[PDB]
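Each chain gets a letter, A, B and so on, in the order its sequence line appears, and its residues count up from 1. Below, each value reflects all heavy atoms present in this structure, side chains not excepted, and no hydrogens, waters or symmetry copies.
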Amino acid sequence: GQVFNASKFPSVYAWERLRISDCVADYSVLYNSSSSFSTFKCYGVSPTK
Amino acid sequence: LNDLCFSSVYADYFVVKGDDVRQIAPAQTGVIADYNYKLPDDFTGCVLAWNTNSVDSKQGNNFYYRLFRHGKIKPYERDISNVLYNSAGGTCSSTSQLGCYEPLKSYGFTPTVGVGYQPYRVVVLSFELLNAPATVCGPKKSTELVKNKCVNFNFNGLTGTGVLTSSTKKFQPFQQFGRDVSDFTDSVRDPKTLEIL
Amino acid sequence: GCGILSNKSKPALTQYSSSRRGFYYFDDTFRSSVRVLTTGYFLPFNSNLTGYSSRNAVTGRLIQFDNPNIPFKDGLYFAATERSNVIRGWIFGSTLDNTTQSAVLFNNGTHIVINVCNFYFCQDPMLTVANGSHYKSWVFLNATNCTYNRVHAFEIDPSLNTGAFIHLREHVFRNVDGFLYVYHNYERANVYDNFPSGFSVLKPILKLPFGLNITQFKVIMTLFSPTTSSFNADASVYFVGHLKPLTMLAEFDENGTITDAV
Ligand SMILES: *[C@@H]1O[C@H](CO)[C@@H](O[C@@H]2O[C@H](CO)[C@@H](O[C@@H]3O[C@H](CO[C@H]4O[C@H](CO)[C@@H](O)[C@H](O)[C@@H]4O)[C@@H](O)[C@H](O[C@H]4O[C@H](CO)[C@@H](O)[C@H](O)[C@@H]4O[C@H]4O[C@H](CO)[C@@H](O)[C@H](O)[C@@H]4O)[C@@H]3O)[C@H](O)[C@H]2NC(C)=O)[C@H](O)[C@H]1NC(C)=O
Ligand SMILES: *[C@@H]1O[C@H](CO)[C@@H](O[C@@H]2O[C@H](CO)[C@@H](O[C@@H]3O[C@H](CO)[C@@H](O)[C@H](O[C@H]4O[C@H](CO)[C@@H](O)[C@H](O)[C@@H]4O)[C@@H]3O)[C@H](O)[C@H]2NC(C)=O)[C@H](O)[C@H]1NC(C)=O
Ligand SMILES: *[C@@H]1O[C@H](CO)[C@@H](O[C@@H]2O[C@H](CO)[C@@H](O)[C@H](O)[C@H]2NC(C)=O)[C@H](O)[C@H]1NC(C)=O
Ligand SMILES: *[C@@H]1O[C@H](CO)[C@@H](O[C@@H]2O[C@H](CO)[C@@H](O)[C@H](O)[C@H]2NC(C)=O)[C@H](O)[C@H]1NC(C)=O
Ligand SMILES: *[C@@H]1O[C@H](CO)[C@@H](O[C@@H]2O[C@H](CO)[C@@H](O)[C@H](O)[C@H]2NC(C)=O)[C@H](O)[C@H]1NC(C)=O
Ligand SMILES: *[C@@H]1O[C@H](CO)[C@@H](O[C@@H]2O[C@H](CO)[C@@H](O)[C@H](O)[C@H]2NC(C)=O)[C@H](O)[C@H]1NC(C)=O
Ligand SMILES: *[C@@H]1O[C@H](CO)[C@@H](O)[C@H](O)[C@H]1NC(C)=O
Ligand SMILES: *[C@@H]1O[C@H](CO)[C@@H](O)[C@H](O)[C@H]1NC(C)=O
Ligand SMILES: *[C@@H]1O[C@H](CO)[C@@H](O)[C@H](O)[C@H]1NC(C)=O
Ligand SMILES: *[C@@H]1O[C@H](CO)[C@@H](O)[C@H](O)[C@H]1NC(C)=O
Ligand SMILES: *[C@@H]1O[C@H](CO)[C@@H](O)[C@H](O)[C@H]1NC(C)=O
Ligand SMILES: *[C@@H]1O[C@H](CO)[C@@H](O)[C@H](O)[C@H]1NC(C)=O
């Protein structure tokens, strides 16, 4: 929610980085608490994994 | 597609919003892929979709998707039940008991909504290609049968080059072709004249 | 519109040996004069089958009408021995109530009926026969959102042969990719209360595009009585096993028939 539901994003020429740790990467929460993604492309791993 | 014959064809159809169209595929994740409609990894078929904002965005429309579920659906399953979802597990009532939600969520399909929230009609065509009688064939025209000459051929989409002669072999009631130990086709049933070559 | 069995005896749940039965055609591919090593869900050799039965009520014994909710898991093996076609069909579903859809498949007096609906089932679903003729069907009360309905021609002419079990029926049920697969075999038997040994191969008969989520299985049986003041049960026995992820060798003869398996 901190990144996906932020009140303000940076411009592309001056992008920001946030580190994520000590948490559960549950991506199903984004079904209720986030806008639908028009793009969701994984290169490293399959999104199902 | 126009050169093939299929032993079975099924058409699965429904309405989703634009942004959900990308989920209608093998190996996908998301609300639709997980809770509403799923295809197998070994999917044989075609997915078609088009924008119908001018038709399916009327005041009287009623389109829903499942938002809450315990677990995931299997490929080609349906679930049309409608009971309250208890996020703590088990069941609940009233919907005022804190952890109770309505399992279905409506699509806000208004005619003035931006692209990605507009309704799309999806049709999925599932195909089978077995050693069995064709039920659906493309718009091909047939020719005279030539025998004892090297020639190209196509029987219900089954192509190759060779010499066609009369067979003395017998086929099972629903056998269309036969193959030997090298998977070389040495016999075919003519689609119009019930004779093995 | 439901039959009532207020006092029923407990099931014996006797265990029987499956022998080498329960094998079925696992492919569409035509084969001949070849041995192939395959994998999938099959009934293990010499596996444990659970017996369930029907028994005529008498003064010293409560009616036995065994119809428990049996897990479907990854596939189910079903077989039965009968003298009068007591078993008519099965119910395939999850919660087996009107909350979700379920499939009801049974052979009635003149036709085989396959329906998928939200059913309000009877406590003890059954068919009734009287005066040498079919009387009524008491499987469910209400049915609403039906999505599948198919009727096949067939004839059932059940009677009292005051004998023993002369025929054995075998079925395999699998639910894969939205399709309910049914395999079938039929042979003569000469037993009273056991499971005939041997080896057999079942052939596919149905491939039904239900899109249903089967986790539970129930059996529909017929009661008999003239004058229809009350009904009783005849004697019948059915056996249930479960399919497991096994590796098996199968041999196809010159005509593509499976003659043996390991
Ligand atoms: C075909 O149709 C059937 C019927 O609808 C469907 O079955 C249902 O499957 C779902 C998903 O598995 C079941 O929902 C879960 O059930 C478990 C178990 O509860 C029952 O079984 C146990 C025995 O194992 C009994 O003791 C119990 O009394 C019930 O009878 C629940 O534990 C689940 O809730 C927990 O896990 C959820 C995870 O998603 C959490 O969201 C939820 O908050 C609960 O978690 C909490 O408790 C945990 C304790 O283990 C703890 O570890 C957590 O951190 C947290 O504190 C959930 O209710 C549903 O019950 C099944 N329905 C029936 C009638 O059995 C099939 O799945 C369907 N087929 C397909 C392919 O979908
Ligand atoms: C199977 O057939 C039956 C008919 O025999 C059919 O029943 C109908 O279901 C609809 C639900 O889609 C009912 O409409 C409801 O009416 C109540 C009024 O009390 C409304 O409150 C309901 O809306 C609530 O739930 C919505 C979520 O679905 C929320 O978005 C909304 O804000 C409300 O909280 C809803 O409009 C209709 O009344 C019944 N009809 C009858 C005769 O019972 C059933 O739906 C069919 N099954 C399927 C899968 O189609
Ligand atoms: C497919 O259509 C052809 C017509 O192009 C059928 O040809 C007939 O063949 C029989 C011999 O078996 C002749 O007696 C008829 O006169 C032919 N019909 C015509 C119009 O010439 C062919 O039999 C059909 N095959 C199948 C399986 O239906
Ligand atoms: C099939 O069922 C029989 C029961 O009749 C099982 O035999 C029992 O196995 C346990 C575990 O070794 C022993 O403690 C019991 O004493 C055995 N009972 C008898 C009567 O011998 C048998 O193991 C089961 N086989 C399978 C594959 O499940
Ligand atoms: C679904 O089944 C339930 C039963 O589990 C039905 O509720 C019963 O309705 C009868 C009247 O026909 C009452 O006599 C029972 O007391 C009710 N039982 C319970 C637990 O409420 C319910 O009406 C059925 N729903 C539908 C739509 O058929
Ligand atoms: C077996 O099932 C069939 C199919 O439902 C029954 O035949 C139908 O009976 C209704 C009247 O209740 C007619 O409106 C339908 O047209 C009949 N179907 C057909 C194909 O003719 C049949 O009566 C049932 N038999 C028994 C003994 O229950
Ligand atoms: C998330 O963003 C929406 C606007 O898109 C806002 O209305 C909502 O209040 C935000 N959630 C929280 C917890 O601030
Ligand atoms: C669904 O989203 C709402 C916010 O609109 C939130 O309050 C609710 O708790 C969410 N549902 C679940 C199960 O988290
Ligand atoms: C018959 O059912 C009743 C319950 O209504 C039970 O109390 C009684 O013991 C049962 N009879 C026998 C022989 O079990
Ligand atoms: C059925 O029984 C009655 C006597 O109750 C008899 O008259 C009738 O002929 C019998 N029907 C048949 C087919 O035997
Ligand atoms: C449901 O079944 C009951 C009989 O138990 C009947 O009275 C009722 O009218 C049926 N419902 C419908 C819609 O027919
Ligand atoms: C194959 O079928 C033929 C009949 O067409 C029969 O004569 C032959 O014995 C069968 N082969 C085997 C191994 O049974």
Aromatic plane relationship, C:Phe173 with C:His171 - under 30° parallel, 30 to 60° tilted, over 60° perpendicular | parallel

Stepwise side-chain contact (heavy atoms from CB on, under 4.5 Å) check, C:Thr222 with C:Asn85 | CA-CA 8 Å; C:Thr222 298; C:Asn85 310 309; over 6 Å; no

Between C:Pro71 and C:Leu76, which heavy-atom pair has the shortest distance, and what is it?
-> O-CD1, 3.8 Å

Check against side-chain contact (heavy atoms from CB on, under 4.5 Å), C:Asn118 and B:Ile80 | CA-CA 10 Å; C:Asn118 291 321; B:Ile80 62 167; 4.3 Å; yes

Do C:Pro158 and C:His134 come within less than 4.5 Å of each other through their side chains, counting heavy atoms only?
-> yes

Considering all heavy atoms of both residues, which atom of C:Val219 and which atom of C:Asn67 are nearest to each other, and what is their separation?
-> O-CB, 4.1 Å

Heavy-atom donor-acceptor pair, B:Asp190 side chain to B:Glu195 backbone, under 3.5 Å = no

Will you find, in the side chains of A:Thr48 and B:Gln28, an N or O donor that is under 3.5 Å from an N or O acceptor?
-> no

Min side-chain heavy-atom separation B:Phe127-B:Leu1 under 4.5 Å = yes

Are any side-chain N or O atoms of C:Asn232 and backbone N or O atoms of C:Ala57, one a donor and one an acceptor, separated by less than 3.5 Å?
-> yes

Given side-chain contact (heavy atoms from CB on, under 4.5 Å), test B:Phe14 with B:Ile24 step by step and report yes or no.
-> CA-CA 11 Å; B:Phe14 49 85; B:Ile24 311 304; 3.8 Å; yes

Side chains of C:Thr257 and C:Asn255: donor-acceptor distance under 3.5 Å anywhere?
-> no

Side-chain heavy atoms of C:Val139 within contact of C:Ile91, under 4.5 Å = yes

What is the minimum heavy-atom distance between C:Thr100 and B:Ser81, and which atoms define it?
-> CG2-CB, 4.1 Å

Would you check, one step at a time, whether the test salt bridge (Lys or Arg N to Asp or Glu O under 4.0 Å) holds for C:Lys8 with C:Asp124?
-> CA-CA 11 Å; C:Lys8 297 209 299 182; C:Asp124 290 291; 2.8 Å; yes

B:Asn82 side chain to B:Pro103 backbone, donor-acceptor under 3.5 Å = no

Aromatic B:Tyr35 / basic B:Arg69 pairing, under 6.0 angstrom, 45° off normal | no

Check C:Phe72 against C:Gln216 and note the closest heavy-atom contact, atom names and distance.
-> CB-N, 4.1 Å

Taking all atoms of both residues into account, what is the closest heavy-atom pair of B:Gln175 and B:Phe171, and its distance?
-> O-CD2, 3.2 Å

Taking C-beta and beyond as the side chain, do C:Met126 and C:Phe231 meet within less than 4.5 Å on heavy atoms?
-> no

For the residue pair B:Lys38 and B:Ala33, what are the closest heavy atoms and their distance?
-> CB-O, 3.5 Å

Could you tell me how the ring of B:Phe153 sits relative to the ring of B:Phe155: parallel (under 30°), tilted (30 to 60°) or perpendicular (over 60°)?
-> tilted

Counting only N and O atoms by type, is there a donor-acceptor contact under 3.5 Å from the side chain of C:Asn56 to the main-chain atoms of C:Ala233?
-> yes

Short side-chain donor-acceptor distance under 3.5 Å, C:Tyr77 and C:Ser47 = no

Would you please test C:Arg20 and C:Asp260 for salt bridge (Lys or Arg N to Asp or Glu O under 4.0 Å) and show each step?
-> CA-CA 10 Å; C:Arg20 298 177 66 198; C:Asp260 201 353; 2.6 Å; yes

Mutual orientation of the aromatic rings belonging to B:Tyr76 and B:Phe43 [parallel < 30°, tilted 30-60°, perpendicular > 60°] | tilted

Distance-only, no hydrogens or angles: does the C:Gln64 side chain make a donor-acceptor pair with backbone N or O of C:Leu62 under 3.5 Å?
-> no

C:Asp66 side chain to C:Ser53 main-chain N or O, any donor-acceptor pair under 3.5 Å?
-> yes

Could you please spell out the steps behind the side-chain contact (heavy atoms from CB on, under 4.5 Å) verdict for C:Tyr52 and C:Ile70?
-> CA-CA 11 Å; C:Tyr52 305 88; C:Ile70 299 167; 4.2 Å; yes

Going by atom types alone, do B:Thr159 and B:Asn154 pair a side-chain donor with an acceptor below 3.5 Å?
-> no

Which is it for C:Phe42 and C:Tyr24 under the ring-ring contact (aromatic ring centres under 6.0 Å, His included) test, yes or no, and what are the steps along the way?
-> CA-CA 8 Å; C:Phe42 299 97; C:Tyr24 63 91; 5.1 Å; yes

C:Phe78 ring center within less than 6.0 Å of C:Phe217 ring center | yes

Evaluate the side-chain proximity of C:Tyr41 to C:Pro245: yes if any heavy-atom separation is below 4.5 Å, no if none is.
-> yes

Without hydrogens or angle criteria, can the side chains of C:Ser200 and C:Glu170 be said to hold a donor-acceptor pair below 3.5 Å?
-> yes

Compare all side-chain heavy atoms of C:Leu127 with those of C:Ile220 and state whether any distance is below 4.5 angstrom.
-> yes

Any side-chain heavy atom of C:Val36 within less than 4.5 Å of one from C:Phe26?
-> yes

Which residues pass the side-chain hydrogen bond (donor to acceptor under 3.5 Å, both in side chains) test with C:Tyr183, sequence neighbours left out?
-> C:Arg174

